[PDB]
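# Topology and contacts: notes
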Amino acid sequence: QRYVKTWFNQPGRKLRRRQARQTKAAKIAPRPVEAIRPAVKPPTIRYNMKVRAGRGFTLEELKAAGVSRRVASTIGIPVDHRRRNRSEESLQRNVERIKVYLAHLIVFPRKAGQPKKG
Amino acid sequence: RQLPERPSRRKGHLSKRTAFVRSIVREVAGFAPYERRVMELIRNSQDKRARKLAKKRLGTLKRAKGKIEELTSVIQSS
Amino acid sequence: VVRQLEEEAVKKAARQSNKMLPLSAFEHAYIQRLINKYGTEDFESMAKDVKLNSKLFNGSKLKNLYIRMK
Amino acid sequence: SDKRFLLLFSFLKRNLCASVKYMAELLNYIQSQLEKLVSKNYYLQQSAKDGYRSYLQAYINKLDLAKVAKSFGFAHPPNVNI
Amino acid sequence: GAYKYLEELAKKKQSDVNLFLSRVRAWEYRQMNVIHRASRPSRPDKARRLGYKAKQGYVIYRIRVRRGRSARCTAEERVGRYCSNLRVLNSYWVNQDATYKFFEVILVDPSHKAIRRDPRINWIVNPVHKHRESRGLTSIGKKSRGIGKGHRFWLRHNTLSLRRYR
Amino acid sequence: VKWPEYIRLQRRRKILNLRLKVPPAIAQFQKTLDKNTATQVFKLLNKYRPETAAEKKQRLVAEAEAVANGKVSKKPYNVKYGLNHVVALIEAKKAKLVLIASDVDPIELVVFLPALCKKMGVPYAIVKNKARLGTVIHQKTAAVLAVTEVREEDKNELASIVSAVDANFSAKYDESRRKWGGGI
Amino acid sequence: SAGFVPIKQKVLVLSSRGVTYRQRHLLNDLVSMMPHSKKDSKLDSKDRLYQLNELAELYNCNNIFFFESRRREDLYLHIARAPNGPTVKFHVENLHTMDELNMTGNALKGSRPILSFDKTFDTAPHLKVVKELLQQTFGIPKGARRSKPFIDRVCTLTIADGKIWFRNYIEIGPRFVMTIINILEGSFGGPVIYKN
Amino acid sequence: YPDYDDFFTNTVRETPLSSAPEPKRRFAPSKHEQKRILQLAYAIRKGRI
RNA sequence: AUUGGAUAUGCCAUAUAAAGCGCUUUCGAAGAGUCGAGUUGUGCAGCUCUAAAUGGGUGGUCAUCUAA
RNA sequence: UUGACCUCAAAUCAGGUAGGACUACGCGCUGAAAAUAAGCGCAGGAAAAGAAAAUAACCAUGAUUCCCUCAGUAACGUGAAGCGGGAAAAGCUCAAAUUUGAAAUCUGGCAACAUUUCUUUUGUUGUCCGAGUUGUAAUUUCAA
C-alpha cells in the first residue's frame with residue numbers, strides 16, 4: 001500500500017479534454033471532430049453477436065465503395081491495411097457505411113495550379 | 001469470400017536471381033571447416049557418421065538434413 | 001448554413017473548373033508533324049514511329065495531346 | 001537453326017500470332033545489320049522478344065535456343081520463361 | 001547490383017575466403033588503435049542497410065572489445081563517448097578472434113549542413129536523440145531491454161488507484 | 001631506424017599477404033594483365049571516356065540557348081563504370097569486356113567478379129591498379145570498368161583487344177587461377 | 001559396418017519446446033532409469049513427427065519415445081517401433097518424479113528390473129499390443145552397455161480406470177498415470193487402428 | 001588447401017539473368033537532361049546564366 | 001507591437017512535366033556470428049557450435065504474422 | 001626523371017560541436033540489510049513505446065500509450081493477458097531491383113540578391129573547389 005494515485009484532478013481532466021475538443025474543431029470547423037469508423041464484429045464467442053466501431057475501412061471496402069486509398073484519407077476515411085473481409089456480410093455493412101458518408105459530404109474545392117502555358 | 005494474396009505471404013519463395021546469386025557465392029566462397037569434413041565423409045560413404053556429425057554442428061535435424069543434400073549435389077556437379 | 005455552404009461549394013467548383021490545358025508551342029508543332037504524316041486516327045502507327053515520335057510517347061498520351069489541341 | 005530467317009528473306013527477295021506480327025514488322029522496316037536494328041528499335045525489340053516467347057512455347061530440349069534467337073535477330077537468347 | 005552478392009557472401013563466415021580475410025584483417029585492427037576511424041565501411045553492404053550513405057556527415061569508427069552485458073552494446077557506448085559531438089545511428093559486427101570482437105559504429109554529424117538539410121536523417125539532429133546509445137535506443141539497446149511486440153516480451157503494480165467517488 | 005607505427009603496419013601487412021596460403025579466389029588478383037596489353041586496353045578506353053561535369057554543362061547550355069531563341073541526336077557512346085551498374089550489365093549480358101581493378105581495398109567487392117564474368121561468358125581481365133581505371137572516368141578510383149558497345153569505327157579494335165585478353169589473360173594462367181596463392 | 005555389438009533393445013528420447021520443469025525432470029529420470037535409451041536434443045516440428053524414424057535409423061535405435069508438451073502444461077508421450085510398427089499416443093498426467101521425498105527407494109543405476117504385468121493387459125486386443133511393446137522397451141537388453149546384471153527393482157503395470165498407474169518398487173518415486181488415446185498402424189502417423 | 005573447384009561456373013549461361021523487359025528509357029533521349037535543359041533555358045530567359 | 005491559418009486580388013511559374021485508377025500475352029529484389037541448438041549468469045546475456053527460402057516466427061494439418 | 005592514388009599525420013589551418021548545472025516525472029545500467037534504497041550514465045516539455053516476425057480459434061479483431069473491466073481470476077503467497085467499455089487517433093521511411101540516352105545529388109569559398117522576432121534570423125541565384133560510381137538523387141517498401 002505504497003505510493004497512491006489520488007484522483008483530485010478528475011474534474012479538471014474532464015475540462016482539459018473538453019477544451020481540447022473545443023480547440024480542435026475550432027481549427028477545422030466545417031469538418032467533423034472525428035473520422036468515420038467501420039462497424040466490425042468482436043473476435044470472441046461472448047461478443048460476436050454485437051457490432052462495434054472498427055479502426056478503418058479495408059482496401060476492398062473502399063474499392064467497392066468508390067474511393068481509392070489516397071483520396072480516402074484526405075476526406076477523412078481511415079484505411080486498415082490489416083483488416084480484411086472474410087465474408088460478404090462485413091463487406092456490405094461497411095460499403096454502405098461509406099455510401100451514406102459520401103452522400104453527406106461536401107468536399108470544398110481547393111486552389112488549382114494553372115501554368116501560363118500548357 | 002476468397003481473398004487475393006497478401007504480398008507479405010509471398011516471402012521466402014525464391015527468385016531466379018537470388019538463387020543464381022546464392023549459387024555463385026557457394027562456389028566462390030569455398031566451404032567451411034565442418035563442410036569440408038562432412039563432404040569428405042560422403043565421398044568415403046560414411047554417411048550415417050556424416051549425417052550425425054552435421055546434427056551435432058548445426059543443432060536441429062532439418063537443418064542438418066538440408067545441408068547434406070546441398071553438399072551431395074555439389075559432389076555430383078564437381 | 002448548410003444551404004449556404006452548399007451554394008458556396010458549387011460556386012468555387014464552377015470558378016475553378018476549366019481543367020483543360022492548352023499546348024505549348026513545342027507541343028503545337030510536336031503533334032502537328034505527327035498528324036500531318038500518319039493521318040489522324042492511327043494512334044498505334046504514330047507510337048511505332050521512331051523518327052518523328054522521338055520522345056516515344058505511348059498511344060494513350062498521343063490521344064491526350066490530340067484532344068488537347070482542340 | 002540460326003539461318004531460318006535468312007533463307008526466307010533471300011527467297012522472298014528473289015521471288016518478290018505474335019510471330020506473324022514480328023515477321024511483318026521487320027519486313028516493313030527492311031545478319032549483324034538485322035541484329036543492330038532490332039537492338040536499336042524499341043517497338044521492334046518488343047515484337048521480336050515476344051516472337052521468341054511464342055515460338056519456343058509453341059514448339060523442347062532439342063532446339064538450339066541460342067541459334068533460335070539469332071534467327072529472330074537477337075544477339076543472345078532472351079530470358080524467356082519456357 | 002553487387003550488394004546482393006556481398007550480403008550472400010557475408011553469410012559464409014568460415015569459407016576459404018572469409019577465413020583468410022578474418023585472420024588477415026583481425027591482425028590489422030589489433031595493430032591499430034582500439035577505437036580507430038575507418039576511411040570506409042569494411043562491409044559496404046551491412047553499413048549500407050543500417051543507414052549509412054557515402055556522403056559527408058556519415059562517419060565510420062571501428063572498435064574492438066574483449067570477450068568473456070552485450071559486446072555490440074559496449075561498442076556503441078565506448079565510441080559514442082569517443083566522438084562526443086556525433087550521434088550513434090547503428091553498428092554491426094565485422095570480425096572476431098579468440099580474444100576480441102570487432103565492430104564498426106555508424107555515426108552522423110548533427111551539425112553538418114548536408115545532414116541538417118536531408119529530410120531522411122533530419123530526425124537525429126533533434127535534441128531528443130542525444131546519446132541514444134546511452135539510453136538503450138539503438139537496435140541492440142531495444143533488443144536487449146526486451147522491447148518487442150509479443151507475449152515473449154512496476155508502478156502499475158504497487159499503487160492504489162484511490163478514486164474520488166469510491 | 002625506428003619506423004613509425006604505420007610504416008611498420010604497411011610493410012608487415014604486405015609481407016603477410018605473400019606468406020599466407022591465399023585462397024584461389026583471392027589468388028587470381030595477384031596474376032594480372034601484362035603491361036603491353038594494359039596500355040592497349042586503355043588506348044581504346046580513352047576514346048570512350050564519359051564527358052566531365054564541365055563538358056556536360058557547356059554542352060547543355062548550347063541546347064538551352066538554342067531553345068531560348070529558336071530550335072534529334074545519336075546515342076552517347078562511352079564506358080560503363082560503377083560496381084552495381086557494371087555487375088548488372090554482365091548479368092544482362094550487355095558488357096563486351098570487363099576490366100577489374102586489381103587492388104580493391106575490401107576485396108569482397110570484386111572477389112566474385114571473375115566467376116560471374118566467366119559464368120556469363122564475358123571476356124574479363126584484372127587490370128593493375130584502380131587509379132588507372134579512375135582517371136578514365138574522371139574519378140579518384142574505379143573498382144571496375146566495362147565496355148558495353150563501341151562505334152563501328154572502333155568495333156574492329158575492340159575485337160582485336162578481346163582476342164588478346166583471351167590469349168594473354170585467360171588462355172594463360174587459367175589453371176594457375178585454381179591454385180592457392182601465397183605460401184612463399 | 002551396419003552395427004557392432006547390436007543390443008537386443010535400443011531406445012531414443014526426444015523432447016518438446018515448451019516442456020515445463022516437472023515435465024523435464026520426468027524425461028531426465030526415466031532416461032537415467034533406462035540404460036538402453038539415448039537422449040537427443042529437441043525436435044522442432046509439432047505435427048511433423050515422421051522425422052523420428054530417420055533419426056532412430058541414424059542412431060540405430062529400435063524404439064522411439066517422443067515427449068510432447070501441449071499448451072505448455074500437459075505431456076503427451078508417444079512410443080513407436082523403429083521400422084514401421086504401431087505408434088501409441090497417450091497423455092501422461094498425475095506424474096511424480098524423483099524430486100519427491102515421499103518415496104525413498106534406492107537402487108543401482110542401470111540394473112535390469114523385473115516387470116509385473118496385470119492380467120487386464122491381455123484381456124483386450126488393443127491392450128495386448130501395448131503390453132508387449134512396453135515389456136520389450138522396458139526390458140533391458142542382455143549385454144547392454146553400462147547395464148547391471150543384478151536385479152533390484154520391480155516395475156508393476158496395471159490397467160485400472162482406463163489409466164496405467166506406473167509403479168516402481170519401496171517406491172522409487174516415479175508414479176504417473178498415462179491415458180492411452182490413439183494407436184496408429186504406422187510410425188507417428190498413417191492409418192488409425194484405435195481411438196479413445 | 002585443395003585446388004579451386006568450379007561446380008557451377010564450368011558452363012556458360014546463355015540467357016540474361018533478369019527477365020524484365022527494357023524500359024523505354026534506354027531508347028528515348030534522356031528525360032533528366034530535359035529537366036536540366038529547360039531549367040537552363042529559364043535562367044537564360046530570366047537572366048541568371 | 002509582433003504573429004497562426006484560411007479568403008479575395010495582382011505578379012511570376014521549369015507543365016517537353018508529375019500523380020491517382022482501369023487493364024495485364026512481363027515481373028516481383030525483402031536485412032546472418034542474426035534466428036537457432038548445447039551449456040552457464042540473473043525474457044536478456046556470456047561461452048561452444050552455427051542455418052534456411054513458401055523459407056522463417058508464433059499459435060491451435062490449419063490459422064496468423066514476415067524479425068535480425 | 002615525372003605523376004596518379006591508398007593509408008597516416010601535423011597546423012593558434014576555415015568553419016563547427018562536446019563537457020558542467022537542475023533532476024518532480026523519462027530511459028537505461030548496477031544493486032543491498034525488492035527487481036526497492038543508495039550508486040552510475042543519459043534526455044525532453046514530456047520521455048518511452050509505437051504502424052505487428054500481433055492476438056485469437058471468432059459472424060473474427062487490427063500501431064502505441066492511458067483509464068475502467070478482465071481479476072485477486074489464470075498460471076505458480078506472488079500475481080497475468082486476450083476479449084469488453086472509454087480517452088486519442090496518423091501514418092510512414094530506408095537496404096535489397098542499371099539514371100546508364102548521360103551523378104540527374106550534396107558540403108564549402110567567393111560574388112552578388114533578398115528576407116528577418118532580428119543590422120543579431122533565414123535562405124535563394126550564379127560561380128569555383130571538392131564530396132561521391134566501393135553509389136549521392138529520382139523510383140519502390142510487401143498494404144505492395
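Here's a quick rundown of the structure.

Reading the values: rules and limits
Residues numbered from 1 in each chain as written, not as in the entry; some residues may be left out. Chains lettered and ligands numbered in written order. Part of a larger assembly, values for the part shown. Heavy atoms only, no water. Residues with missing side-chain atoms left out of burial classes, pairs and counts. Helix = DSSP H or I, 4+ residues; strand = E, 2+ residues; numbered from the N terminus. Buried < 20%, exposed > 50% of the residue type's maximum accessible area, 1.4 Å probe, protein only. Contact = heavy atoms within 4.5 Å. Rg over C-alpha atoms; globule rule 2.2 N^0.38 Å. Nonpolar A, V, L, I, M, F, W, Y, C, P; charged D, E, K, R; others polar. Pairing = 2+ DSSP bridges. Axes fitted to C-alpha atoms, helices over the stretch in contact; angles between N-to-C directions. Salt bridge = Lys/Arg side-chain N within 4 Å of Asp/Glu carboxyl O. Parallel < 35°, antiparallel > 145°, perpendicular 65-115°, else oblique. Left-handed = near helix turned anticlockwise from the far one by under 90°. Polar contact = N/O pair within 3.5 Å; in protein donor to acceptor, adjacent residues only side chain to side chain. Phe/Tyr/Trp six-rings, centres within 6.5 Å; stacked < 30°, edge-to-face > 60°. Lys NZ or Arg CZ within 6 Å of the ring centre and 35° of its normal.

## Side note on the overall build of chain A
A tally of regular secondary structure across chain A gives 4 helices and 3 strands. Starting at the N terminus and ending at the C terminus, chain A contains elements arranged as β-α-β-β-α-α-α. In terms of overall dimensions, chain A has C-alpha extents of about 75 × 45 × 25 Å along its principal axes. Looking at chain A as a whole, 23% of its 118 residues qualify as buried. Contacts in chain A between residues far apart in sequence, at least 24 positions, make up 51% of those at least 6 positions apart.

## Brief notes about the overall build of chain G
When you go through chain G residue by residue, the secondary structure sums to 4 helices and 12 strands. For 196 residues, the compact-globule formula gives about 16 Å, and the C-alpha radius of gyration of chain G, at 16 Å, lands near that figure. Along the first, second and third principal axes, the C-alpha atoms of chain G reach 45 × 40 × 35 Å.

## Topic: the interface of chain E and chain F
With 20 residues of chain E at the interface, the matching set in chain F holds 24 residues. Of the residues forming the side of chain E that touches chain F, the biggest block, 10 residues, is contributed by helix α2 (residues 16–31) of chain E. The class makeup of the residues in the side of chain E that touches chain F is 12 nonpolar, 3 polar and 5 charged.

## Structural notes on the sheet that holds strand β4 (residues 100–108) of chain E
Residues and elements named next belong to chain E. As summarised here, the arrangement of the 4 strands in space is β1-β2-β4-β3, forming an open sheet in which the pairing is antiparallel. In this open sheet, the two edge strands, each paired with only one partner strand, are β1 (35–38) and β3 (87–96). Taken pair by pair, the neighbouring strands of this sheet meet at an average axis angle of 25°, ignoring direction. Inspection of the sheet shows β1 paired to strand β2 (residues 58–66) by 4 bridges, in the antiparallel sense. Following the sheet pairing, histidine 36 is matched in β2 by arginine 62. Here helix α4 (residues 71–82) sits on the sheet and contacts β1, β2, β3 and β4; the angle it forms with β2, its principal contact strand, is near 125°.

## With respect to the pattern of salt bridges
Between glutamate 8 of chain E and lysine 11 of chain E there is a salt bridge whose closest N-O contact spans 2.5 Å. In this structure, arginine 13 of chain F engages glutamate 28 of chain E in a salt bridge whose closest nitrogen and oxygen atoms are separated by 3.5 Å. Here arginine 13 of chain F, found in helix α1 (residues 5–19), pairs with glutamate 28 of chain E, found in helix α2, and the two come from separate chains. Beyond isolated ion pairs, a larger network of salt bridges with shared partners links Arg22 of chain B together with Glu7, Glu8 and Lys11 of chain E.

## Observations regarding the arrangement of the chains
Of all C-alpha pairs spanning chain C and chain F, none lies closer than 8 Å, and the two are not in contact. A gap remains between chain D and chain G, which never touch, and the nearest two C-alpha atoms on either side lie 35 Å apart.

## Overview of the sheet that holds strand β6 (residues 114–117) of chain G
All names here are of chain G. Taken in spatial order, the 3 strands make up an open sheet running β6-β7-β10, and their pairing is mixed. Single-partner strands in this sheet number two, and they are β6 and β10 (167–168). The sheet contact formed by strand β7 (residues 154–157) and β10 spans 2 bridges and is antiparallel. Across the sheet, the residue bridging to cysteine 155 is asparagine 168, located in β10.

## A look at unusual backbone geometry
Even without being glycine, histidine 138 of chain F reaches a positive phi, approximately 60°. Considering the arrangement of structural elements, one finds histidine 138 of chain F in the loop between α8 (130–136) and β5 (144–147). The residue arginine 71 of chain G is not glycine, and still its phi comes out positive at about 55°. Within the secondary structure layout, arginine 71 of chain G lies in the loop between β3 (63–68) and β4 (76–81).

## Concerning the packing of helix α3 (residues 35–45) of chain F against helix α9 (residues 152–171) of chain F
All names here are of chain F. Axis separation between α3 and α9 bottoms out at 10 Å; the angle between their running directions is 155°. It follows that α3 is roughly antiparallel to α9 by the angle criterion. Regarding α3 and α9, the two cross each other, and that crossing is left-handed. Across from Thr37, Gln40, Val41 and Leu44 in α3, the residues of α9 making contact are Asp154, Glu157, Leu158, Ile161, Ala164 and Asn168. Grouping the constituent residues of the contact of α3 with α9 by class yields 5 nonpolar, 3 polar and 2 charged.

## A look at the packing of α2 of chain E against α1 of chain F
In contact at an axis separation of 11 Å, α2 of chain E and α1 of chain F are set at 165° when each is read in the N-to-C sense. By the angle between their directions, the pair α2 of chain E and α1 of chain F is classed as roughly antiparallel. α2 of chain E and α1 of chain F meet at a crossing whose hand is right-handed. Only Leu9, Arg12, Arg13, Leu16 and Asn17 of chain F of α1 of chain F make contact with α2 of chain E, whose side of the interface consists of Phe20, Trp27, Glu28 and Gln31 of chain E. Here the residues of the contact of α2 of chain E with α1 of chain F sort into 4 nonpolar, 2 polar and 3 charged.

## Quick word on the pairing of strand β5 (residues 87–96) of chain G
Residue and element names in this part refer to chain G. Summarising the sheet, β4 and β5 pair through 5 bridges and their orientation is antiparallel. Each bridged residue has a counterpart across the sheet, and for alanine 80 the counterpart in β5 is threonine 87. In this structure, the hairpin formed by β4 and β5 is closed by a connection of 5 residues, where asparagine 84 is found at a positive phi of approximately 55°.

## A few points about the environment of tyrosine 100 of chain E
Residues and elements named next belong to chain E. Residue position: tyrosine 100 is located in strand β4. Between the C-alpha atom of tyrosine 100 and that of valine 88, which follows or precedes it by 12 residues, the distance is 22 Å. Excluding its chain neighbours within four sequence positions, the residues that come into contact with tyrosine 100 are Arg30, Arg64, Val65, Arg66 and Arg67. Looking at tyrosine 100, its side chain comes within polar contact range of the side chain of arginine 66, at 3.3 Å.

## So, the packing of aromatic side chains
An angle of 50° between the planes, with centres 5.3 Å apart, marks the rings of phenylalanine 26 of chain C and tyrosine 30 of chain C as tilted. With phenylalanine 26 of chain C and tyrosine 30 of chain C both in helix α2 (residues 25–35) and 4 residues apart, this pair spans about one turn of that helix. For the ring pair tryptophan 180 of chain F and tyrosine 1 of chain H, a centre distance of 5.0 Å and an interplane angle of 45° mean the geometry is tilted. You can see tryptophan 180 of chain F sitting in the loop between α9 and β6 (181–182) and its partner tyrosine 1 of chain H sitting in the segment before α1 (32–46), one on each of two chains. Through successive ring pairs, a cluster of aromatic residues spans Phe26, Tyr30 and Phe57 of chain C. Above the face of the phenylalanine 57 of chain C ring, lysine 61 of chain C is positioned so that its terminal group lies 5.5 Å from the ring centre. For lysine 119 of chain F, the ring lying beneath its charged end belongs to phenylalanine 8 of chain H, and the centroid distance is 4.3 Å.

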